[PDB]
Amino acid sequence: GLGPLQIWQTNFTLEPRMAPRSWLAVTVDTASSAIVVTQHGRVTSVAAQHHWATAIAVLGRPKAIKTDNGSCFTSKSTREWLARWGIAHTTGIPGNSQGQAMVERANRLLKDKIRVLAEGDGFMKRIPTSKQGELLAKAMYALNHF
């Protein structure tokens, strides 16, 4: 019982080295500090739901998800998806230290790690589409399995 609470913080951040699909949906499990990230072409309610569907398969179901006031997170579409899963949801103005400083620090570590790995294979600007998925999985791996 007395071991910690399953609460996530999720946000989208922009990363042009991953273009065309340059919207990265990033989720930090505030307990374990495990990071889940996925690639998306557009930030929509459906992009938020598909991401969380992946994160649940990976981390398991959380009790609550903390996001900001973004529409993709407050639409009726998403409110219904979360309800369908029984996951509480609490908003917070963009970046609100309370619920966003972690996922924001995450954004940075992630983009840094994407740059290091990309430049190491000699990709200085955009990563070729066919290597994006493998490069993102490696970054995610490096950041979680420390």
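So that there is no doubt, residue numbering starts at 1 and follows the sequence shown.
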item	value
Stretch exceeding the other in mean C-alpha B-factor - 2-10, 137-145	2-10
Residue stretch of maximal mean CA temperature factor, 42-50 vs 116-124	116-124
Selection from 107, 27, 91, 78 [criterion: highest C-alpha temperature factor in the record]	91
Top residue by Cα temperature factor, when 37, 102, 64, 82 are compared in the entry	102
Entry-reported Cα temperature factor of residue 56, expressed as the chain third it lands in	lowest
